[PDB]
Structures are given as structure tokens and as C-alpha cells.
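The chain below stands alone and is given in C-alpha cells; this is the form solved without the named molecule.
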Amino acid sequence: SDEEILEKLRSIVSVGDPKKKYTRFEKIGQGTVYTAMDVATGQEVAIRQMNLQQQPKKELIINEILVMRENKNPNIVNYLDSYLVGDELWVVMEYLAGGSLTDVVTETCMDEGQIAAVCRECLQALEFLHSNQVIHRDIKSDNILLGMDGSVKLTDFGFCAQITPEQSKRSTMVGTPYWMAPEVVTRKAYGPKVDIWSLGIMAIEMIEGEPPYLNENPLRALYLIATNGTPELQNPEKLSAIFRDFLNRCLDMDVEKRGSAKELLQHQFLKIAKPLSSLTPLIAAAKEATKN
């Protein structure tokens, strides 16, 4: 029900109008996203404003807020608050000034130490979510946001699933095709390891600048993923043996043998990680390249 949805949102949100608690609104996207500043803390924030009249699948937005509220983590972009003014919903997130992993991988060339650090941080978020019975289901570089200091944080819980021991598998196809695990199309029961596959595809992005089959229609990419299995690198000989092992564990066609997040946090590839601050020059370079 539309009313019932508004009543649920009313119960979730803080009271009143947010124009009090925040200032300095600059639009950066179009629902409509702004940067702004918390007048109290000084913190810079990203605010999404949605007219619920024009929002097709509002149960997903409720789910998104409740999951974010109850699953805070250092490696997840912090959800700060929400407000409802009539039909206008505001969601307030922390702002990370370093853009996204997509900016970095398209504008710069990461080394294996930098790649290992990013993969580690992402696996920390995945282990936490998976241990909490949450599957992200749309892992990709666009949903990895970066601080100027090299912080790595996962975002966008618009597609996530909550599972249980009695229903530990999902079948809805919600993910972005190029990052989607083959079992999502070949079977109708996937689990948390679809996020592990996606992380494997993000590692390919960090190496080559794009996921496999980017140049293909998404419909065709998905047929190719399902039929070709574990994707092939352009120049595997340029990678370390330990990085190739790590990729193999993320991109195993056999779901049982594919790594869990818990298992992959132990992988020796992660032990070559550089300090996260090693990313700062790449982040600065990508930000300058993408500013227009």
C-alpha cells in the first residue's frame, strides 16, 4: 500500500525538515543527489532526495535504509539519517571526496600492492555482510567509494538480500550483468558467493580497466558468462602467481570451491597489500581527470 509505505517510512525517519541540520547544498546528480554540510558536526554529506510519487519500487528503499541502519561497518559508506517531508524522502550518507573505484581504474594504473589493499577492504565488508546473512548482489567498481586518504567503502544497498538458514538461496536477477556470477543465470539458487565472483570481476577491472565483455550488449555478455565460465585475462603472465591464484579462487565456476569472504581474507595475495594511503595519488589523479 502507498499509505502503508509512507507510514512505515514515517516510523523510520527522523522528524522535521532537514534544511535545518544541513547547509551548502550543491547538486551533483539527477532521485537528486547533493553534497552539503552538517551545520552541527561540520561533516560533509551526500544527500539523495526522492519524490516518492515517482519512485516505482519503494519497498526496496525501506529495505535499503533498514539494512544500512543495522549493518554499520568501517568498510560500508556510513548512513547518517533520513527525513520525510510530505512525499519527499531524504537519505543522508557520509560523503567520500575521492570518487569511486571506477574513476581510479579508468584513469590510472594500479599496482598489485594497491589492488591487494582494495580487495582486502572489500572482503572485510563482504565477510561482515555475509556473516550477517546479507548479500549485496550488485558489487562493481561504481559501488566502491574512496576517501582522499585511500579509505575503501562499499555502497548501494538498493539490491541486497537478507537470507536465513531455511531460505539460504535467492533466485532474483538484480545484479549488473557484466559482474554477475554465472550460476545466477544457469540455476535458480545462488548464495553469498555471487558477491565473491563480482569482486573477482572488479579485480579484472583493476588490472585491465574494464570487466570482461564490456563492449558487448548486456544480454550477450550474460550468455557469454554463462557459457564461457571463468573469464580469461589478456596477459596473465604479467601477474604474480599469488594474484593469479587469488583470481582463480574468486572466479571458480564451482560455487563450493570458490572462496568464501572469510577464507579469502586469509589469502596470501592480501599480504602484499600496500598501506591504503598509497592510493592517494591515483585518487587525486582520477579526480582531476574526471572533474568535467
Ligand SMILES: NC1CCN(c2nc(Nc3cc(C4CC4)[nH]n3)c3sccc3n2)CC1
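A residue's number is simply how far along the shown sequence it sits, counting from 1.
There is another form of this protein, the form solved in complex with the named molecule, and it is not shown here; the text below is about that form.
The named molecule in the entry with it bound reached by all of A46, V77 and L96, non-hydrogen atom within 4.5 Å
Every residue of the spot touches the named molecule in the entry with it bound.
Which residue, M180, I196, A203, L145, has a heavy atom that falls within 4.5 Å of the named molecule in the entry with it bound?
If I apply the 4.5 Å criterion carefully, the residue I get is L145.
Can you pick the one in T108, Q124, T155, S151 that has a heavy atom within 4.5 Å of the named molecule in the entry with it bound?
Contact residue from the list: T155.
Answer with yes or no whether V33 is in contact with the named molecule in the entry with it bound, where contact means some heavy atom within 4.5 Å.
Although the named molecule is absent here, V33 would touch it in the entry with it bound, with heavy atoms inside 4.5 Å.
Select, from the options 203-211, 184-192, 109-117, 96-104, the stretch whose residues sit within 4.5 angstroms of the named molecule in the entry with it bound by heavy atom distance.
Residues of 96-104 come within 4.5 Å of the partner.
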